[PDB]
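A.B. asks: Handing you a structure now.
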Amino acid sequence: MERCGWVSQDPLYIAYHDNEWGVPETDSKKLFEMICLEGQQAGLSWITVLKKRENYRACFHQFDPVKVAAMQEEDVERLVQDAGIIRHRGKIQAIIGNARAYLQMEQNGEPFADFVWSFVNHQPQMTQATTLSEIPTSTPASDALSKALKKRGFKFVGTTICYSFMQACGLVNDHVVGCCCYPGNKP
């Protein structure tokens, strides 16, 4: 019974990987935070986002996403001092736009999660590499997906951020040969 291999120390990797990662999510609420939390990954590491992810919900959840879309510029300036999360003002203002553009699209009752991963032609992708290194961090859907979010007005959508969201959701099935029971390795 073996799974992954780059995971080591910092139980956040396994704890988060076991909690999700590899499990395609269609919930706009859960998926909406996935792309938003990773957005801060720029320069930071996915592991660091998990720690701030909990701190982010501590201050943001208190205001409820509704206020985040109709909050005030003085609100973000207040968190810059007391918050416990990455402070940059610009990064915070970006989250506000996400809540505004997110509600605008949902206002029509259109599902946000179904659109982001549907770009795969309603046909999830799978991989058959021996290690994660062989897996590419830039897949055809990642480049096309990032371009779609750009239209919504979302920033920090580089192909690297989209790839991280792809692995977090589960669109691509990552499983090194011999992972618990990876098939396809037959003669």
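Residue numbers for the sequence shown follow PDB author numbering, so the first one is 1 and each next one is one higher. C-beta atoms are modelled at their ideal positions from N, C-alpha and C, and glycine is treated no differently.
1) Would you say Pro111 and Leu171 are within 7 Å of each other, going by their C-beta atoms?
2) Report the residue ranges of all alpha helix (DSSP H) runs contained in full by the segment 135-174; include only those spanning at least 4 residues, in chain order.
3) Note the first and the last residue of the continuous alpha helix (DSSP H) segment covering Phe115.
4) Answer yes or no: do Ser138 and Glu38 have a C-beta to C-beta separation smaller than 7 Å?
5) Nearest to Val49 by alpha carbon, out of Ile35, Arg152, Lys29?
6) Out of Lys52, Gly90, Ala141, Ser118, state which residue places its alpha-carbon closest to the alpha-carbon of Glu77.
7) Can you tell me where the alpha helix (DSSP H) with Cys180 in it begins and where it stops?
8) Where does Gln9 fall in DSSP's three states?
9) Identify every residue that forms a DSSP beta bridge with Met126.
10) Going along the chain, which unbroken runs of the alpha helix (DSSP H) with 4 or more residues stay wholly within the segment 52-118?
11) Determine the DSSP secondary structure at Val23, reduced to helix, strand or coil.
12) Could you have a look at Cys36 and say whether DSSP puts it in helix, strand or coil?
13) In whole angstroms, give me the CA-to-CA distance for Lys155 and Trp117.
14) Helix or strand or just coil, what does DSSP make of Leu44?
15) For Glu20, tell me which candidate among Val120, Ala168, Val68 has the shortest Cα-Cα distance.
16) Using three-state DSSP, classify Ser133 as helix, strand or coil.
17) How big is the Cα-Cα spacing for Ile92 and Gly109?
18) Here's the rule I'm using: 16 or more other beta-carbon atoms within 10 Å means buried, otherwise exposed. How should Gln40 be labelled?
19) Whole angstroms are fine: how far does the CA of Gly97 sit from the CA of residue 247?
20) Can you check whether the CB of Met126 is closer than 7 Å to the CB of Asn173?
C.D. replies: This is what the structure holds:
1) no
2) Within the segment 135-174, the runs of alpha helix (DSSP H) at least 4 residues long that lie entirely inside it are, in chain order, 140-152, 159-169.
3) 112-118
4) no
5) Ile35
6) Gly90
7) Per DSSP, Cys180 belongs to no alpha helix (DSSP H) and is neither H nor E.
8) coil
9) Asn173
10) 73-81, 90-107, 112-118
11) coil
12) helix
13) One C-alpha to the other measures close to 18 Å.
14) For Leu44, the three-state secondary structure derived from DSSP is coil.
15) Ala168
16) coil
17) Cα to Cα, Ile92 sits roughly 26 Å from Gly109.
18) With 16 or more other Cβ atoms inside 10 Å of its own Cβ, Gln40 counts as buried.
19) Because residue 247 is not part of the residues shown, which for the chain are 1 to 187, the question remains open.
20) yes
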